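Q: Handing over query.cif, mmCIF, C-alpha atoms and all ligand atoms.
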```
data_coords
#
loop_
_atom_site.group_PDB
_atom_site.id
_atom_site.type_symbol
_atom_site.label_atom_id
_atom_site.label_comp_id
_atom_site.auth_asym_id
_atom_site.auth_seq_id
_atom_site.Cartn_x
_atom_site.Cartn_y
_atom_site.Cartn_z
ATOM 1 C CA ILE A 1 0.000 0.000 0.000
ATOM 2 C CA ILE A 2 1.398 3.385 -1.103
ATOM 3 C CA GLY A 3 0.626 6.105 1.430
ATOM 4 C CA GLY A 4 -2.238 5.389 3.802
ATOM 5 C CA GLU A 5 -1.813 4.322 7.426
ATOM 6 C CA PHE A 6 -0.551 1.367 9.437
ATOM 7 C CA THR A 7 -3.385 -0.539 11.081
ATOM 8 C CA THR A 8 -4.147 -3.542 13.289
ATOM 9 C CA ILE A 9 -6.059 -6.724 12.510
ATOM 10 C CA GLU A 10 -8.807 -5.646 14.937
ATOM 11 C CA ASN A 11 -9.790 -2.989 12.387
ATOM 12 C CA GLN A 12 -9.701 -5.465 9.442
ATOM 13 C CA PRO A 13 -10.836 -8.765 11.095
ATOM 14 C CA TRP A 14 -11.645 -10.462 7.775
ATOM 15 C CA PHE A 15 -8.116 -10.111 6.355
ATOM 16 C CA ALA A 16 -6.286 -13.378 5.647
ATOM 17 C CA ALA A 17 -2.497 -13.606 5.196
ATOM 18 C CA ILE A 18 -1.340 -16.347 2.800
ATOM 19 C CA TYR A 19 2.188 -17.806 2.794
ATOM 20 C CA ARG A 20 3.930 -20.537 0.801
ATOM 21 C CA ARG A 21 6.231 -23.194 2.280
ATOM 22 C CA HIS A 22 9.630 -23.723 0.659
ATOM 23 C CA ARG A 23 12.044 -26.659 0.674
ATOM 24 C CA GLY A 24 14.086 -26.313 3.850
ATOM 25 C CA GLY A 25 11.819 -24.364 6.167
ATOM 26 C CA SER A 26 11.462 -20.833 4.804
ATOM 27 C CA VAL A 27 7.930 -19.415 4.615
ATOM 28 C CA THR A 28 7.394 -16.388 2.361
ATOM 29 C CA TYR A 29 4.323 -14.143 2.024
ATOM 30 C CA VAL A 30 2.383 -14.712 -1.175
ATOM 31 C CA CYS A 31 -0.895 -12.798 -1.080
ATOM 32 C CA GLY A 32 -3.771 -11.362 0.881
ATOM 33 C CA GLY A 33 -7.315 -12.710 1.041
ATOM 34 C CA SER A 34 -10.672 -12.313 2.806
ATOM 35 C CA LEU A 35 -12.690 -14.643 5.056
ATOM 36 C CA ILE A 36 -16.190 -14.889 3.554
ATOM 37 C CA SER A 37 -17.293 -17.821 5.752
ATOM 38 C CA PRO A 38 -15.733 -19.860 8.611
ATOM 39 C CA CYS A 39 -14.252 -22.388 6.181
ATOM 40 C CA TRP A 40 -13.658 -20.195 3.129
ATOM 41 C CA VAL A 41 -11.139 -17.558 2.094
ATOM 42 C CA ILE A 42 -11.375 -15.688 -1.196
ATOM 43 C CA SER A 43 -8.294 -14.400 -3.022
ATOM 44 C CA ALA A 44 -6.840 -13.929 -6.531
ATOM 45 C CA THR A 45 -5.872 -16.701 -8.961
ATOM 46 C CA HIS A 46 -2.678 -15.009 -10.172
ATOM 47 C CA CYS A 47 -1.303 -15.761 -6.700
ATOM 48 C CA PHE A 48 -1.371 -19.540 -7.144
ATOM 49 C CA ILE A 49 -1.370 -20.239 -10.892
ATOM 50 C CA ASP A 50 2.373 -21.020 -11.002
ATOM 51 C CA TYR A 51 2.264 -23.277 -7.913
ATOM 52 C CA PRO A 52 -1.194 -24.949 -7.621
ATOM 53 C CA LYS A 53 -0.135 -27.412 -4.890
ATOM 54 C CA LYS A 54 -2.418 -26.852 -1.870
ATOM 55 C CA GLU A 55 -0.022 -28.547 0.551
ATOM 56 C CA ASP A 56 2.576 -25.781 0.132
ATOM 57 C CA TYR A 57 0.329 -23.065 1.523
ATOM 58 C CA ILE A 58 -0.424 -21.728 4.975
ATOM 59 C CA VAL A 59 -3.213 -19.334 5.877
ATOM 60 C CA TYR A 60 -3.219 -17.068 8.916
ATOM 61 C CA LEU A 61 -6.206 -15.245 10.369
ATOM 62 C CA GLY A 62 -6.021 -12.670 13.177
ATOM 63 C CA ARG A 63 -2.475 -11.714 12.166
ATOM 64 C CA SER A 64 -1.248 -8.073 12.164
ATOM 65 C CA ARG A 65 2.444 -8.514 11.339
ATOM 66 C CA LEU A 66 4.293 -10.052 8.420
ATOM 67 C CA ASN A 67 6.980 -12.018 10.245
ATOM 68 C CA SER A 68 5.901 -12.200 13.888
ATOM 69 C CA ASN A 69 3.043 -13.818 15.817
ATOM 70 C CA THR A 70 -0.090 -12.003 17.005
ATOM 71 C CA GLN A 71 -2.070 -12.834 20.137
ATOM 72 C CA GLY A 72 -5.222 -14.598 19.003
ATOM 73 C CA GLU A 73 -3.990 -15.559 15.533
ATOM 74 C CA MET A 74 -4.965 -18.872 13.960
ATOM 75 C CA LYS A 75 -3.014 -21.020 11.508
ATOM 76 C CA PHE A 76 -4.721 -23.118 8.822
ATOM 77 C CA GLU A 77 -3.888 -25.616 6.087
ATOM 78 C CA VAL A 78 -5.574 -25.542 2.677
ATOM 79 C CA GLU A 79 -8.043 -28.398 2.167
ATOM 80 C CA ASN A 80 -8.968 -27.360 -1.363
ATOM 81 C CA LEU A 81 -7.471 -24.721 -3.659
ATOM 82 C CA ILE A 82 -9.933 -23.651 -6.334
ATOM 83 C CA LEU A 83 -8.659 -21.513 -9.218
ATOM 84 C CA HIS A 84 -10.839 -19.982 -11.919
ATOM 85 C CA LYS A 85 -10.674 -22.077 -15.094
ATOM 86 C CA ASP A 86 -10.914 -19.064 -17.420
ATOM 87 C CA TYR A 87 -8.149 -17.069 -15.771
ATOM 88 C CA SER A 88 -5.759 -15.404 -18.224
ATOM 89 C CA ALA A 89 -3.264 -12.542 -18.254
ATOM 90 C CA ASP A 90 -2.519 -10.133 -21.103
ATOM 91 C CA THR A 91 0.099 -7.400 -21.183
ATOM 92 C CA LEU A 92 -1.323 -5.674 -18.102
ATOM 93 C CA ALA A 93 -4.793 -7.053 -17.446
ATOM 94 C CA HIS A 94 -5.632 -10.229 -15.556
ATOM 95 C CA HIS A 95 -9.043 -11.726 -16.325
ATOM 96 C CA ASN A 96 -11.214 -13.824 -13.958
ATOM 97 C CA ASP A 97 -8.624 -13.220 -11.263
ATOM 98 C CA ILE A 98 -10.433 -14.858 -8.375
ATOM 99 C CA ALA A 99 -9.802 -17.931 -6.214
ATOM 100 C CA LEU A 100 -11.225 -19.856 -3.267
ATOM 101 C CA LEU A 101 -9.353 -21.639 -0.482
ATOM 102 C CA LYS A 102 -11.105 -24.038 1.857
ATOM 103 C CA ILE A 103 -9.233 -23.912 5.156
ATOM 104 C CA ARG A 104 -8.896 -26.302 8.094
ATOM 105 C CA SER A 105 -6.848 -26.328 11.292
ATOM 106 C CA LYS A 106 -4.721 -29.356 12.192
ATOM 107 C CA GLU A 107 -7.633 -30.550 14.334
ATOM 108 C CA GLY A 108 -9.775 -30.330 11.211
ATOM 109 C CA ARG A 109 -11.755 -27.251 12.247
ATOM 110 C CA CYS A 110 -12.655 -24.014 10.481
ATOM 111 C CA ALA A 111 -12.271 -20.494 11.879
ATOM 112 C CA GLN A 112 -13.811 -19.520 15.211
ATOM 113 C CA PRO A 113 -14.963 -15.864 15.126
ATOM 114 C CA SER A 114 -13.426 -13.472 17.659
ATOM 115 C CA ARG A 115 -12.490 -9.810 18.009
ATOM 116 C CA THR A 116 -9.663 -10.369 15.518
ATOM 117 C CA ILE A 117 -11.324 -12.915 13.218
ATOM 118 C CA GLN A 118 -14.615 -12.066 11.473
ATOM 119 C CA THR A 119 -16.249 -12.764 8.112
ATOM 120 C CA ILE A 120 -16.988 -10.079 5.529
ATOM 121 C CA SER A 121 -20.293 -9.949 3.623
ATOM 122 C CA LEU A 122 -20.577 -10.693 -0.096
ATOM 123 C CA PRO A 123 -22.488 -8.275 -2.385
ATOM 124 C CA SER A 124 -25.867 -8.927 -4.020
ATOM 125 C CA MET A 125 -26.262 -9.796 -7.706
ATOM 126 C CA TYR A 126 -24.956 -6.833 -9.705
ATOM 127 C CA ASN A 127 -25.232 -4.529 -6.700
ATOM 128 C CA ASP A 128 -22.176 -2.282 -6.611
ATOM 129 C CA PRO A 129 -21.720 1.090 -4.912
ATOM 130 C CA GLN A 130 -22.263 4.186 -7.041
ATOM 131 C CA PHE A 131 -19.070 5.445 -8.659
ATOM 132 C CA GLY A 132 -17.432 8.130 -6.544
ATOM 133 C CA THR A 133 -17.968 6.022 -3.416
ATOM 134 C CA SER A 134 -15.065 5.833 -0.971
ATOM 135 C CA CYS A 135 -13.815 2.339 -0.116
ATOM 136 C CA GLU A 136 -10.807 0.895 1.714
ATOM 137 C CA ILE A 137 -8.082 -1.586 0.808
ATOM 138 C CA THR A 138 -5.712 -3.460 3.124
ATOM 139 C CA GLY A 139 -2.416 -5.264 2.602
ATOM 140 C CA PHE A 140 1.238 -6.034 3.337
ATOM 141 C CA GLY A 141 2.263 -4.755 -0.105
ATOM 142 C CA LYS A 142 5.094 -2.362 -1.008
ATOM 143 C CA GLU A 143 5.033 1.192 0.378
ATOM 144 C CA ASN A 144 7.109 2.525 -2.531
ATOM 145 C CA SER A 145 7.792 1.228 -6.049
ATOM 146 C CA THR A 146 11.530 1.289 -5.326
ATOM 147 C CA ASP A 147 11.213 -0.908 -2.212
ATOM 148 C CA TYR A 148 12.287 -4.571 -2.437
ATOM 149 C CA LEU A 149 10.952 -5.574 0.993
ATOM 150 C CA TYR A 150 7.401 -5.440 2.392
ATOM 151 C CA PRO A 151 6.309 -3.529 5.525
ATOM 152 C CA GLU A 152 6.190 -5.546 8.754
ATOM 153 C CA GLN A 153 2.871 -4.044 9.829
ATOM 154 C CA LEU A 154 -0.454 -4.282 7.989
ATOM 155 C CA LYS A 155 -1.534 -1.082 6.180
ATOM 156 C CA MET A 156 -4.744 0.382 4.777
ATOM 157 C CA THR A 157 -5.902 3.395 2.796
ATOM 158 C CA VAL A 158 -9.041 4.831 1.220
ATOM 159 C CA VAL A 159 -9.629 5.171 -2.509
ATOM 160 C CA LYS A 160 -12.613 6.161 -4.638
ATOM 161 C CA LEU A 161 -14.408 4.067 -7.257
ATOM 162 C CA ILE A 162 -14.004 5.317 -10.840
ATOM 163 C CA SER A 163 -16.579 4.711 -13.589
ATOM 164 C CA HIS A 164 -15.929 2.341 -16.468
ATOM 165 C CA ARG A 165 -16.278 5.241 -18.906
ATOM 166 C CA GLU A 166 -13.437 7.133 -17.241
ATOM 167 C CA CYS A 167 -11.204 4.101 -16.749
ATOM 168 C CA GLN A 168 -11.681 3.155 -20.412
ATOM 169 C CA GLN A 169 -10.333 6.518 -21.591
ATOM 170 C CA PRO A 170 -7.201 6.324 -23.823
ATOM 171 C CA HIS A 171 -4.850 7.882 -21.239
ATOM 172 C CA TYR A 172 -6.109 5.402 -18.654
ATOM 173 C CA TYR A 173 -6.448 1.743 -19.651
ATOM 174 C CA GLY A 174 -8.476 1.970 -22.845
ATOM 175 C CA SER A 175 -10.302 -1.235 -23.778
ATOM 176 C CA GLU A 176 -8.133 -3.373 -21.470
ATOM 177 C CA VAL A 177 -10.537 -2.905 -18.550
ATOM 178 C CA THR A 178 -13.833 -4.797 -18.759
ATOM 179 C CA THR A 179 -17.167 -4.721 -16.935
ATOM 180 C CA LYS A 180 -15.941 -7.656 -14.831
ATOM 181 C CA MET A 181 -13.411 -5.264 -13.282
ATOM 182 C CA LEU A 182 -13.538 -2.136 -11.128
ATOM 183 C CA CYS A 183 -11.133 0.797 -11.060
ATOM 184 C CA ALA A 184 -10.430 2.750 -7.888
ATOM 185 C CA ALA A 185 -7.912 5.456 -7.094
ATOM 186 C CA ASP A 186 -7.114 8.567 -5.089
ATOM 187 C CA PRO A 187 -8.285 11.790 -6.771
ATOM 188 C CA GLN A 188 -4.802 13.169 -6.020
ATOM 189 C CA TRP A 189 -3.040 9.972 -7.134
ATOM 190 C CA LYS A 190 -1.183 9.858 -3.807
ATOM 191 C CA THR A 191 -2.353 6.527 -2.358
ATOM 192 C CA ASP A 192 -2.882 3.166 -4.076
ATOM 193 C CA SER A 193 -2.364 -0.604 -3.910
ATOM 194 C CA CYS A 194 1.013 -1.981 -5.061
ATOM 195 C CA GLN A 195 2.998 -5.208 -5.542
ATOM 196 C CA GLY A 196 2.268 -7.635 -2.721
ATOM 197 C CA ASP A 197 -1.262 -6.361 -2.132
ATOM 198 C CA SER A 198 -2.851 -8.790 -4.608
ATOM 199 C CA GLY A 199 -5.704 -10.949 -3.366
ATOM 200 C CA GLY A 200 -6.577 -8.378 -0.737
ATOM 201 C CA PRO A 201 -10.060 -6.872 -0.209
ATOM 202 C CA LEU A 202 -11.540 -3.657 -1.561
ATOM 203 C CA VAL A 203 -14.214 -3.012 1.079
ATOM 204 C CA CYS A 204 -17.098 -0.593 0.637
ATOM 205 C CA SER A 205 -19.921 0.443 2.939
ATOM 206 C CA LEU A 206 -23.047 -0.485 0.989
ATOM 207 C CA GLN A 207 -26.236 0.476 2.824
ATOM 208 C CA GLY A 208 -24.556 0.697 6.219
ATOM 209 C CA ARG A 209 -22.992 -2.726 5.682
ATOM 210 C CA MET A 210 -19.309 -3.519 5.082
ATOM 211 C CA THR A 211 -19.194 -5.416 1.787
ATOM 212 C CA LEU A 212 -16.383 -7.165 -0.128
ATOM 213 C CA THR A 213 -16.685 -5.305 -3.435
ATOM 214 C CA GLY A 214 -13.372 -6.082 -5.089
ATOM 215 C CA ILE A 215 -10.163 -8.103 -4.970
ATOM 216 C CA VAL A 216 -6.771 -6.478 -5.661
ATOM 217 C CA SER A 217 -5.851 -7.710 -9.146
ATOM 218 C CA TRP A 218 -3.678 -5.444 -11.317
ATOM 219 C CA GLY A 219 -2.493 -1.983 -12.295
ATOM 220 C CA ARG A 220 0.240 -0.100 -14.137
ATOM 221 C CA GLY A 221 2.939 0.900 -11.656
ATOM 222 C CA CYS A 222 1.802 2.239 -8.273
ATOM 223 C CA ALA A 223 0.144 5.588 -7.518
ATOM 224 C CA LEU A 224 0.813 6.947 -11.008
ATOM 225 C CA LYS A 225 -1.461 9.640 -12.425
ATOM 226 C CA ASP A 226 -4.272 8.290 -14.636
ATOM 227 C CA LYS A 227 -3.349 4.696 -13.801
ATOM 228 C CA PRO A 228 -5.855 3.387 -11.213
ATOM 229 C CA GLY A 229 -5.643 0.098 -9.389
ATOM 230 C CA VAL A 230 -7.916 -2.509 -10.982
ATOM 231 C CA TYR A 231 -10.024 -4.946 -8.966
ATOM 232 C CA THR A 232 -11.964 -8.122 -9.691
ATOM 233 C CA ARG A 233 -15.667 -7.174 -9.575
ATOM 234 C CA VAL A 234 -16.950 -9.637 -6.962
ATOM 235 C CA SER A 235 -20.638 -8.979 -7.696
ATOM 236 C CA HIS A 236 -20.148 -10.521 -11.149
ATOM 237 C CA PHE A 237 -18.855 -13.838 -9.811
ATOM 238 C CA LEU A 238 -21.530 -14.774 -7.273
ATOM 239 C CA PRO A 239 -22.648 -17.743 -9.413
ATOM 240 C CA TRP A 240 -19.111 -19.125 -9.621
ATOM 241 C CA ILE A 241 -18.601 -18.576 -5.872
ATOM 242 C CA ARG A 242 -21.824 -20.308 -4.816
ATOM 243 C CA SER A 243 -21.367 -23.374 -7.031
ATOM 244 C CA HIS A 244 -17.833 -24.011 -5.757
ATOM 245 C CA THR A 245 -18.412 -23.435 -2.039
ATOM 246 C CA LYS A 246 -21.395 -25.790 -1.793
ATOM 247 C CA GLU A 247 -20.055 -29.348 -1.751
HETATM 248 N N1 LIG B 1 -1.630 0.904 -9.563
HETATM 249 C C1 LIG B 1 -1.842 -0.191 -8.940
HETATM 250 N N2 LIG B 1 -2.735 -0.201 -8.019
HETATM 251 N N3 LIG B 1 -1.120 -1.206 -9.322
HETATM 252 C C2 LIG B 1 -1.134 -2.502 -8.859
HETATM 253 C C3 LIG B 1 -2.370 -3.176 -8.591
HETATM 254 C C4 LIG B 1 -2.376 -4.517 -8.130
HETATM 255 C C5 LIG B 1 -1.159 -5.227 -7.925
HETATM 256 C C6 LIG B 1 -1.237 -6.694 -7.423
HETATM 257 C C7 LIG B 1 0.066 -7.473 -7.515
HETATM 258 O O1 LIG B 1 0.817 -7.437 -6.548
HETATM 259 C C8 LIG B 1 0.464 -8.283 -8.752
HETATM 260 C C9 LIG B 1 -0.383 -8.357 -9.910
HETATM 261 C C10 LIG B 1 0.011 -9.118 -11.050
HETATM 262 C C11 LIG B 1 1.249 -9.814 -11.049
HETATM 263 C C12 LIG B 1 2.100 -9.750 -9.904
HETATM 264 C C13 LIG B 1 1.708 -8.991 -8.765
HETATM 265 C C14 LIG B 1 0.084 -4.548 -8.195
HETATM 266 C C15 LIG B 1 0.088 -3.195 -8.659
#
```
Could you write out this file's structure as structure tokens?
Ligand SMILES: N=C(N)Nc1ccc(CC(=O)c2ccccc2)cc1

A:
Amino acid sequence: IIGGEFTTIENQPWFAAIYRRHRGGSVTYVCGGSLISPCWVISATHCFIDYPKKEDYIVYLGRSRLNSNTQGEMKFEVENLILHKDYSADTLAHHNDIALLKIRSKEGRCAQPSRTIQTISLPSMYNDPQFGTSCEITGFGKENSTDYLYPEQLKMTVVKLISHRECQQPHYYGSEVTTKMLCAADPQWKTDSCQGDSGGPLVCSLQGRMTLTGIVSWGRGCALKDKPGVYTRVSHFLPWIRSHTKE
């Protein structure tokens, strides 16, 4: 996250931190995600496409720091890793960038809600906030494009939703952005998502209710003028989500 503020997991209880195990014992951060139900975490497919082996992943809930433990955190294994079959990546754009991870503790249990672990609500069919609406994003991503390390503490910032007409302008992303995506940015182009924030949630207050409206997917550079962050439009994947989470 470029700009913004450092935060704690108590203020973003649905945030899931995903790591990948490596030969030897090193565990590196891979992507963010969101808890949509006790047993399910939603993220982005571009995070796992190159290494689709569920056994090599670890999911943490209730965690505020990148490399240290947090009181109340819970560790999970991945029972099932579901990637979108029509995922694809062009020069910049990533299509159908959404994924589901069924989690389970060593005892075989799902998440137990607490002050630091809570689910986030899914949107209704084609029910997105009006453009111009302020929403928040959260992640352990880079603070500057020139950085090569990620911050140790979780961050968050607020960005505004941009219309498809504006985001499709030539100086923006032209025809690369589709109706299955959502653009969001800071009117001053000072804050934005960045490398390492992928999979994370774009949360918007829709009718007094915190709703998971987007998933960090792609964008040209970070916090550059006329180059908004692009998010997977969750409301357009409800069918896919429901069919896969059932049984
Ligand atoms: N202007 C932005 N907001 N840009 C931006 C948006 C999302 C990402 C997610 C990410 O980390 C990633 C995506 C594809 C491949 C590898 C990593 C990165 C930068």

Q: Collect all residues with atoms no farther than 8 Å from ligand LIG 1 (chain B), counting all atoms listed in the file, and output them as a list in words.

A: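 Checking all atoms listed in the file against ligand LIG 1 (chain B) at 8 Å gives residues 31, 46, 47, 92, 94, 141, 185, 192, 193, 194, 195, 196, 197, 198, 199, 216, 217, 218, 219, 220, 221, 222, 223, 224, 227, 228, 229, 230 and 231 of chain A.
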
Q: Taking the file as shown, find all residues satisfying the PyMOL selection byres (((chain A and resi 159) around 6) and not hetatm) and write them as an MDAnalysis selection string.

A: chainID A and resid 134:135 158 160 184:186

Q: If we count all atoms listed in the file, what is near residue 100 (chain A) at a cut-off of 6 Å, once residues fewer than 5 positions away on the same chain are taken out, given as an NGL selection string?

A: :A and (41-42 or 82)

Q: Separation of CA of residue 7 (chain A) and CA of residue 109 (chain A), in Å?

A: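 A separation of 28.0 Å between them.
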
Q: Hey, can you check how far CA of residue 112 (chain A) sits from CA of residue 37 (chain A)?

A: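 Value for the CA of residue 112 (chain A)-CA of residue 37 (chain A) distance: 10.2 Å.
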
Q: Report the centre and edge lengths, in Å to one decimal, of an axis-aligned box enclosing every atom of region 149-159 of chain A listed in the file, padded by 4 Å on each side, as lines of an AutoDock Vina configuration file.

A:
```
center_x = 0.7
center_y = -0.2
center_z = 3.7
size_x = 28.6
size_y = 18.7
size_z = 20.3
```

Q: Could you write out as a ChimeraX atom specification the residues that the PyMOL selection byres (((chain A and resi 203-215) around 7) and not hetatm) matches in the shown file?

A: /A:43-44,120-123,129,134-137,199-202,216-217,231-235

Q: Report the distance between CA of residue 97 (chain A) and CA of residue 63 (chain A) in Å, rounded to one decimal place.

A: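 The value is 24.3 Å.
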
Q: Using all atoms listed in the file, find the one residue out of A:45, A:238, A:176, A:12 that sits nearest to residue 127 (chain A).

A: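 Closest to residue 127 (chain A), using all atoms listed in the file: A:238.
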
Q: Suppose a student applies the PyMOL selection byres (((chain A and resi 61) around 12) and not hetatm) to this structure; what residues should they get, written as a ChimeraX atom specification?

A: /A:9-10,12-19,32-35,38-41,58-60,62-66,69-77,103-105,110-119

Q: Could you pull the residues within 8 Å of residue 81 (chain A), counting all atoms listed in the file, minus those fewer than 6 positions along the same chain, as a list in words?

A: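 That gives residues 52, 53, 54, 99, 100, 101 and 102 of chain A.
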
Q: Go ahead and write the selection's residues with C-alpha atoms as a short mmCIF file (atom, residue, chain, number, x, y, z; two decimals), keeping the file's coordinate frame.

A:
```cif
data_model
loop_
_atom_site.label_atom_id
_atom_site.label_comp_id
_atom_site.auth_asym_id
_atom_site.auth_seq_id
_atom_site.Cartn_x
_atom_site.Cartn_y
_atom_site.Cartn_z
CA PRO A 52 -1.19 -24.95 -7.62
CA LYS A 53 -0.14 -27.41 -4.89
CA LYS A 54 -2.42 -26.85 -1.87
CA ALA A 99 -9.80 -17.93 -6.21
CA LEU A 100 -11.22 -19.86 -3.27
CA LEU A 101 -9.35 -21.64 -0.48
CA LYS A 102 -11.10 -24.04 1.86
#
```

Q: Which of these residues is nearest to residue 143 (chain A), using all atoms listed in the file: A:107, A:4, A:168, A:87?

A: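 The answer is A:4, which sits nearest to residue 143 (chain A).
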
Q: Taking all atoms listed in the file into account, name the residue in A:22, A:155, A:106, A:164 that is nearest to residue 182 (chain A).

A: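 Among A:22, A:155, A:106, A:164, it is A:164 that comes nearest to residue 182 (chain A).
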
Q: Which of these, A:156, A:88, A:126, A:245, has the shortest distance to residue 140 (chain A) once you count only C-alpha atoms?

A: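 Under the stated criterion, the closest residue is A:156.
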
Q: Given the choices A:146, A:124, A:169, A:26, which gets closest to residue 239 (chain A) if the distance is worked out from only C-alpha atoms?

A: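 Once distances to residue 239 (chain A) are computed over only C-alpha atoms, the minimum belongs to A:124.
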
Q: Quick one: everything within 6 Å of residue 21 (chain A), counting only C-alpha atoms, minus sequence neighbours fewer than 6 positions away in the same chain. Send it as a PDB file with C-alpha atoms, in the frame of the given file.

A:
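Final output, saved to part.pdb:
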```pdb
ATOM      1  CA  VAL A  27       7.930 -19.415   4.615  1.00  0.00           C
ATOM      2  CA  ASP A  56       2.576 -25.781   0.132  1.00  0.00           C
ATOM      3  CA  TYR A  57       0.329 -23.065   1.523  1.00  0.00           C
TER       4      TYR A  57
END
```
